[PDB]
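Structure first, then comments.
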Amino acid sequence: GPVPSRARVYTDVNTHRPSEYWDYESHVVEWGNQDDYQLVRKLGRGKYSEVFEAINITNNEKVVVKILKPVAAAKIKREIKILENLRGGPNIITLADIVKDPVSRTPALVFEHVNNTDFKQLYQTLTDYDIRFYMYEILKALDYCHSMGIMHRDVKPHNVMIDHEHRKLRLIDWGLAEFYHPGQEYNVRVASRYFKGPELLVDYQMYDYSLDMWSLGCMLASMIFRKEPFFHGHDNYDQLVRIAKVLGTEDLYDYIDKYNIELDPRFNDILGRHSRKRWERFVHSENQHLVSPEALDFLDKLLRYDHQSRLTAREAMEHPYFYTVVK
Ligand SMILES: COc1cc(Nc2ncc3c(C)nc(-c4cc5ccccc5[nH]4)n3n2)cc(OC)c1OC
């Protein structure tokens, strides 16, 4: 069967913590007053919640209320524990309150509001310096949560709020986040298609923090090459084929061989034989100002099939690509 795997960093952080830290099922939720918040407008809705802009009438501050649909109402304790564990952390969204929605009768998480610029619009105007600055800000969040024994598992542009005016960034939507425990087999049905790591696409369940570093690599590829998303698969099978057309099939077979993974037999007719592409193939007159040797070296160290070979968030922050960013 598959060869086991463990994170190369923050491996045992949860076992050295009291069970109260990671045993989210035993958590007793402290409830606030729903009357403190007046709903203003619906911002969106996913398959697990409805999101509203609201006003906290006790301080007139703008907030965001995530009302859980009963499908996620079930595993709310996990999200709440993770948000309370990470509160105050660099660039982590602040959970301000937990109230019971009087209409859905489900939990409603109250968060700080970010004056976000739609990523589709914002990514088009980002400069080489802005990409490096924002990537460093995301890394602070990722290294903090990883150091706290938590995997985000849904890193993507939609979950990175950017107030471009104040150059402020928050990592949001911790609904898929999980505590990392060495040797645990996790659900591969996490992240969004374009940012799923090869470990999810090949059904390797013993993954870790490094999954978020593949997702970050995809975001960086989209920003520097001005192609969003960079890997545009039609489904989870074609997603891996899109990856293999860039990284090659030989490194993919070496990765499955190393972990003793049996590739789904449907891949035999669609995968083909591809060699790795040099990153300059993706450079053209329209994105050349965002591409540098440091950017390509950094991307190359994030977009690796072998999750154990990817840069850690702390290692990524030490990379030369961030030397020009003011610290
Ligand atoms: C002022 O305009 C905005 C403000 C915000 N603010 C924001 N601040 C915090 C926060 C949190 C914790 N969750 C969401 C959020 C917004 C949203 C929209 C659709 C689906 C899920 C969503 N989640 N947000 N959104 C978001 C916006 O678009 C995503 C946005 O429109 C561009």
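Ligands are numbered from 1 in the order shown, chains are lettered A, B, ... in the order of the structure tokens, and residues start at 1 in each chain.
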
Can you pull out every residue with an atom within 8 Å of ligand 1? Use only C-alpha atoms and all ligand atoms and format it as a PyMOL selection string. chain A and resi 43-46+50-53+63-66+93-95+110-118+158-159+161+172-173

For the residues in the current selection, export C-alpha atoms as an mmCIF file, in the first residue's frame.
data_model
loop_
_atom_site.group_PDB
_atom_site.id
_atom_site.type_symbol
_atom_site.label_atom_id
_atom_site.label_comp_id
_atom_site.auth_asym_id
_atom_site.auth_seq_id
_atom_site.Cartn_x
_atom_site.Cartn_y
_atom_site.Cartn_z
ATOM 1 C CA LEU A 43 -21.943 39.458 -0.236
ATOM 2 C CA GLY A 44 -22.179 35.873 -1.381
ATOM 3 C CA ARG A 45 -23.077 32.277 -0.711
ATOM 4 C CA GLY A 46 -21.159 29.031 -1.037
ATOM 5 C CA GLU A 50 -24.247 32.666 3.351
ATOM 6 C CA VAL A 51 -22.027 35.761 3.836
ATOM 7 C CA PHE A 52 -23.263 39.232 4.736
ATOM 8 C CA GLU A 53 -21.843 42.671 5.274
ATOM 9 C CA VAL A 63 -18.285 43.410 10.053
ATOM 10 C CA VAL A 64 -18.868 40.330 7.964
ATOM 11 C CA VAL A 65 -21.310 37.629 9.128
ATOM 12 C CA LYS A 66 -20.913 34.055 7.826
ATOM 13 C CA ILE A 93 -8.767 37.151 9.835
ATOM 14 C CA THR A 94 -10.120 38.046 13.271
ATOM 15 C CA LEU A 95 -13.172 36.146 14.516
ATOM 16 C CA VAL A 110 -18.817 37.456 12.916
ATOM 17 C CA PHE A 111 -15.486 38.555 11.334
ATOM 18 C CA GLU A 112 -13.558 41.781 10.884
ATOM 19 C CA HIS A 113 -14.467 43.467 7.565
ATOM 20 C CA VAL A 114 -11.729 43.988 4.911
ATOM 21 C CA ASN A 115 -12.209 46.629 2.187
ATOM 22 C CA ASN A 116 -11.324 44.062 -0.501
ATOM 23 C CA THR A 117 -10.563 44.807 -4.145
ATOM 24 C CA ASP A 118 -12.018 41.977 -6.361
ATOM 25 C CA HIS A 158 -10.991 34.174 -3.216
ATOM 26 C CA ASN A 159 -9.684 33.473 0.316
ATOM 27 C CA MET A 161 -8.691 39.635 1.204
ATOM 28 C CA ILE A 172 -9.994 34.036 5.328
ATOM 29 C CA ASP A 173 -12.368 30.986 5.141
#

Given only C-alpha atoms, how would the per-residue table for segment 137-238 of chain A near segment 262-282 of chain A read, listing every residue at most 9 Å away with its closest atom pair and distance in Å to one decimal, sorted by chain and number, as CSV?
residue,atom,partner,partner_atom,distance
A:202,CA,A:263,CA,6.0
A:203,CA,A:263,CA,8.1
A:225,CA,A:282,CA,6.4
A:237,CA,A:267,CA,7.1
A:238,CA,A:270,CA,7.8

Keeping only N, CA, C and O atoms, write the selected residues to a file as a PDB file, in the first residue's frame.
ATOM      1  N   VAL A 202      -3.934  12.607  -6.958  1.00  0.00           N
ATOM      2  CA  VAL A 202      -3.508  11.179  -7.076  1.00  0.00           C
ATOM      3  C   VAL A 202      -4.086  10.369  -5.911  1.00  0.00           C
ATOM      4  O   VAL A 202      -3.761   9.170  -5.821  1.00  0.00           O
ATOM      5  N   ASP A 203      -4.880  11.026  -5.057  1.00  0.00           N
ATOM      6  CA  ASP A 203      -5.587  10.401  -3.903  1.00  0.00           C
ATOM      7  C   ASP A 203      -4.602   9.916  -2.828  1.00  0.00           C
ATOM      8  O   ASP A 203      -4.821   8.822  -2.288  1.00  0.00           O
ATOM      9  N   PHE A 225       2.677  35.273 -14.433  1.00  0.00           N
ATOM     10  CA  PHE A 225       2.452  34.972 -15.872  1.00  0.00           C
ATOM     11  C   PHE A 225       1.163  35.615 -16.395  1.00  0.00           C
ATOM     12  O   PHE A 225       0.896  35.470 -17.599  1.00  0.00           O
ATOM     13  N   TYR A 237      -9.495  15.174 -12.990  1.00  0.00           N
ATOM     14  CA  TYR A 237      -8.628  14.328 -13.801  1.00  0.00           C
ATOM     15  C   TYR A 237      -7.840  15.181 -14.798  1.00  0.00           C
ATOM     16  O   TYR A 237      -6.597  15.127 -14.854  1.00  0.00           O
ATOM     17  N   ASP A 238      -8.554  16.020 -15.538  1.00  0.00           N
ATOM     18  CA  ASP A 238      -7.899  16.931 -16.458  1.00  0.00           C
ATOM     19  C   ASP A 238      -7.001  17.920 -15.681  1.00  0.00           C
ATOM     20  O   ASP A 238      -5.991  18.327 -16.236  1.00  0.00           O
TER      21      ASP A 238
END

Atom-to-atom span, atom CA of residue 196 of chain A and atom CA of residue 283 of chain A, Å: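 Straight-line distance from atom CA of residue 196 of chain A to atom CA of residue 283 of chain A works out to 23.5 Å.
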
Picked from segment 45-162 of chain A by DSSP as strand (DSSP E or B), as a ChimeraX atom specification: /A:45,49-56,61-68,92,95-100,107-112,150-151,160-162

Prev. selection, N, CA and C atoms, output as a tab-separated table (two decimals), in the first residue's frame:
chain	number	residue	atom	x	y	z
A	45	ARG	N	-22.61	33.54	-1.26
A	45	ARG	CA	-23.08	32.28	-0.71
A	45	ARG	C	-22.34	31.16	-1.39
A	49	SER	N	-22.28	28.11	3.43
A	49	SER	CA	-22.69	29.29	4.22
A	49	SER	C	-23.17	30.45	3.34
A	50	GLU	N	-23.79	31.43	3.99
A	50	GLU	CA	-24.25	32.67	3.35
A	50	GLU	C	-23.47	33.77	4.06
A	51	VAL	N	-22.89	34.71	3.30
A	51	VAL	CA	-22.03	35.76	3.84
A	51	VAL	C	-22.63	37.14	3.63
A	52	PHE	N	-22.67	37.91	4.71
A	52	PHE	CA	-23.26	39.23	4.74
A	52	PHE	C	-22.34	40.29	5.25
A	53	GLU	N	-22.47	41.50	4.73
A	53	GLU	CA	-21.84	42.67	5.27
A	53	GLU	C	-22.84	43.11	6.34
A	54	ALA	N	-22.35	43.47	7.50
A	54	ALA	CA	-23.19	43.92	8.60
A	54	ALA	C	-22.49	45.04	9.32
A	55	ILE	N	-23.21	45.66	10.25
A	55	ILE	CA	-22.73	46.73	11.11
A	55	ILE	C	-22.87	46.23	12.54
A	56	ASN	N	-21.82	46.41	13.33
A	56	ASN	CA	-21.89	46.08	14.74
A	56	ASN	C	-22.45	47.37	15.34
A	61	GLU	N	-19.02	49.67	13.76
A	61	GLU	CA	-17.99	49.11	12.89
A	61	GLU	C	-18.58	48.15	11.88
A	62	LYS	N	-18.02	48.14	10.67
A	62	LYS	CA	-18.43	47.23	9.62
A	62	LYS	C	-17.89	45.84	9.97
A	63	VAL	N	-18.70	44.80	9.80
A	63	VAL	CA	-18.29	43.41	10.05
A	63	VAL	C	-18.80	42.54	8.94
A	64	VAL	N	-18.37	41.27	8.92
A	64	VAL	CA	-18.87	40.33	7.96
A	64	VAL	C	-19.44	39.17	8.76
A	65	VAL	N	-20.67	38.73	8.43
A	65	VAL	CA	-21.31	37.63	9.13
A	65	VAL	C	-21.43	36.45	8.18
A	66	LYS	N	-20.85	35.33	8.57
A	66	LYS	CA	-20.91	34.06	7.83
A	66	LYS	C	-21.95	33.16	8.52
A	67	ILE	N	-23.12	33.02	7.92
A	67	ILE	CA	-24.20	32.19	8.51
A	67	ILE	C	-24.07	30.78	7.95
A	68	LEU	N	-23.87	29.82	8.83
A	68	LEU	CA	-23.61	28.45	8.34
A	68	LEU	C	-24.91	27.76	7.92
A	92	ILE	N	-4.06	36.90	9.83
A	92	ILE	CA	-5.16	35.95	10.00
A	92	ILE	C	-6.42	36.77	10.27
A	95	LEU	N	-11.83	36.56	14.15
A	95	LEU	CA	-13.17	36.15	14.52
A	95	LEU	C	-13.58	37.02	15.69
A	96	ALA	N	-14.53	37.91	15.44
A	96	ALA	CA	-15.00	38.86	16.45
A	96	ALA	C	-16.09	38.31	17.35
A	97	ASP	N	-16.93	37.39	16.84
A	97	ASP	CA	-18.04	36.87	17.66
A	97	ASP	C	-18.69	35.65	17.04
A	98	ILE	N	-19.49	34.95	17.83
A	98	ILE	CA	-20.24	33.77	17.42
A	98	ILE	C	-21.61	33.97	18.01
A	99	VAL	N	-22.61	34.04	17.15
A	99	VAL	CA	-24.00	34.28	17.55
A	99	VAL	C	-24.87	33.25	16.88
A	100	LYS	N	-26.11	33.11	17.36
A	100	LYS	CA	-27.06	32.15	16.80
A	100	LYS	C	-27.98	32.95	15.92
A	107	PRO	N	-25.25	28.54	13.70
A	107	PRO	CA	-24.20	29.44	14.07
A	107	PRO	C	-23.86	30.49	12.99
A	108	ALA	N	-23.59	31.70	13.43
A	108	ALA	CA	-23.18	32.78	12.56
A	108	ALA	C	-21.88	33.33	13.11
A	109	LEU	N	-20.82	33.24	12.32
A	109	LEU	CA	-19.49	33.73	12.71
A	109	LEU	C	-19.37	35.18	12.27
A	110	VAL	N	-18.95	36.04	13.18
A	110	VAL	CA	-18.82	37.46	12.92
A	110	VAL	C	-17.32	37.74	12.78
A	111	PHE	N	-16.89	38.24	11.61
A	111	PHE	CA	-15.49	38.56	11.33
A	111	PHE	C	-15.24	40.01	11.12
A	112	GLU	N	-13.95	40.41	11.22
A	112	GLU	CA	-13.56	41.78	10.88
A	112	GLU	C	-13.85	41.96	9.38
A	150	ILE	N	-1.79	23.86	12.09
A	150	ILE	CA	-3.00	23.92	11.28
A	150	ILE	C	-2.67	24.05	9.80
A	151	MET	N	-3.41	23.29	8.97
A	151	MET	CA	-3.29	23.32	7.51
A	151	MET	C	-4.51	24.11	7.04
A	160	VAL	N	-8.07	35.30	-0.04
A	160	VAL	CA	-7.07	36.27	0.38
A	160	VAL	C	-7.70	37.64	0.17
A	161	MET	N	-8.10	38.30	1.26
A	161	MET	CA	-8.69	39.64	1.20
A	161	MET	C	-7.59	40.66	1.21
A	162	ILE	N	-7.62	41.56	0.21
A	162	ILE	CA	-6.63	42.61	0.07
A	162	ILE	C	-7.30	44.00	0.08

Non-local contacts of residue 210 of chain A (8 Å; only C-alpha atoms; under 4 positions in same chain excluded) as an MDAnalysis selection string: chainID A and resid 7 214 307:308 310:312

Expected file: the selected residues, N, CA, C and O atoms, as a short mmCIF file (atom, residue, chain, number, x, y, z; two decimals), in the first residue's frame:
data_model
loop_
_atom_site.label_atom_id
_atom_site.label_comp_id
_atom_site.auth_asym_id
_atom_site.auth_seq_id
_atom_site.Cartn_x
_atom_site.Cartn_y
_atom_site.Cartn_z
N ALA A 7 5.20 15.72 7.74
CA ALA A 7 5.68 17.06 7.50
C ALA A 7 7.14 17.13 7.96
O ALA A 7 7.50 16.49 8.97
N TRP A 214 1.71 24.31 -2.37
CA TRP A 214 1.41 24.07 -3.79
C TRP A 214 0.36 25.13 -4.22
O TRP A 214 0.55 25.79 -5.23
N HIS A 307 5.47 16.62 -2.36
CA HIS A 307 5.10 17.54 -1.30
C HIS A 307 6.22 17.74 -0.25
O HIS A 307 6.38 18.86 0.25
N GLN A 308 7.08 16.72 -0.06
CA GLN A 308 8.20 16.82 0.90
C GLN A 308 9.32 17.69 0.40
O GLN A 308 10.13 18.13 1.21
N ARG A 310 8.84 20.61 -1.48
CA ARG A 310 8.43 22.01 -1.61
C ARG A 310 9.01 22.84 -0.49
O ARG A 310 9.23 22.34 0.62
N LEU A 311 9.20 24.13 -0.78
CA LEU A 311 9.68 25.06 0.26
C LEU A 311 8.62 25.14 1.36
O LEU A 311 7.42 25.16 1.04
N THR A 312 9.07 25.24 2.61
CA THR A 312 8.15 25.51 3.75
C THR A 312 7.87 27.02 3.76
O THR A 312 8.64 27.78 3.14
#

Counting only C-alpha atoms, which of A:87, A:327, A:156, A:319 gets nearest to residue 222 of chain A?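 For residue 222 of chain A, the nearest of the candidates is A:156.
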
Straight-line distance linking atom CA of residue 314 of chain A with atom CA of residue 136 of chain A, stated in Å to one decimal: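 These atoms are spaced 10.2 Å apart.
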
Atom pair atom CA of residue 297 of chain A / atom CA of residue 206 of chain A: separation (Å): 27.2 Å

When you count only C-alpha atoms, which of these residues is closest to residue 294 of chain A: A:28, A:316, A:139, A:171?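 So, comparing all the options, the nearest one is A:316.
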
Considering only C-alpha atoms, state which residue in the set A:261, A:82, A:211, A:40 is at the smallest distance from residue 190 of chain A.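 Going through A:261, A:82, A:211, A:40 one by one, the smallest distance to residue 190 of chain A is for A:211.
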
As a ChimeraX atom specification, list the residues of segment 104-182 of chain A assigned to helix (DSSP H, G or I) by DSSP on the backbone atoms of this structure. /A:119-125,128-147,157-159

Take the residues from that selection and put them in a file with C-alpha atoms, as an mmCIF file, in the first residue's frame.
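Output contents, as saved in part-v1.cif:
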data_model
loop_
_atom_site.group_PDB
_atom_site.id
_atom_site.type_symbol
_atom_site.label_atom_id
_atom_site.label_comp_id
_atom_site.auth_asym_id
_atom_site.auth_seq_id
_atom_site.Cartn_x
_atom_site.Cartn_y
_atom_site.Cartn_z
ATOM 1 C CA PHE A 119 -8.998 39.770 -7.148
ATOM 2 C CA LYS A 120 -9.899 39.565 -10.865
ATOM 3 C CA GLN A 121 -9.634 43.360 -11.067
ATOM 4 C CA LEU A 122 -6.711 43.653 -8.537
ATOM 5 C CA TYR A 123 -4.430 40.952 -10.109
ATOM 6 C CA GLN A 124 -4.473 42.814 -13.500
ATOM 7 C CA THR A 125 -3.020 45.999 -11.851
ATOM 8 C CA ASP A 128 6.255 43.092 -9.673
ATOM 9 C CA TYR A 129 6.854 44.820 -6.260
ATOM 10 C CA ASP A 130 3.156 44.377 -5.234
ATOM 11 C CA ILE A 131 3.250 40.622 -6.046
ATOM 12 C CA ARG A 132 6.407 40.154 -3.908
ATOM 13 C CA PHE A 133 4.934 42.276 -1.060
ATOM 14 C CA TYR A 134 1.546 40.447 -1.017
ATOM 15 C CA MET A 135 3.188 36.997 -1.352
ATOM 16 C CA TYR A 136 5.341 37.780 1.739
ATOM 17 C CA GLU A 137 2.167 38.845 3.640
ATOM 18 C CA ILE A 138 0.429 35.528 2.692
ATOM 19 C CA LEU A 139 3.580 33.603 3.810
ATOM 20 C CA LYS A 140 3.390 35.273 7.279
ATOM 21 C CA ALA A 141 -0.137 33.910 7.648
ATOM 22 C CA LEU A 142 0.777 30.457 6.305
ATOM 23 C CA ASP A 143 3.928 30.117 8.484
ATOM 24 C CA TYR A 144 1.883 31.204 11.545
ATOM 25 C CA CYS A 145 -0.921 28.710 11.009
ATOM 26 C CA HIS A 146 1.503 25.909 10.122
ATOM 27 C CA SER A 147 3.558 26.721 13.290
ATOM 28 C CA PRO A 157 -7.371 34.142 -4.481
ATOM 29 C CA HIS A 158 -10.991 34.174 -3.216
ATOM 30 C CA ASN A 159 -9.684 33.473 0.316
#

Pick from A:35, A:212, A:235, A:185, whichever lies nearest to residue 2 of chain A using only C-alpha atoms: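 Between A:35, A:212, A:235, A:185, the residue approaching residue 2 of chain A most closely is A:185.
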
Of A:219, A:303, A:188, A:326, the one nearest to residue 205 of chain A when counting only C-alpha atoms is A:188
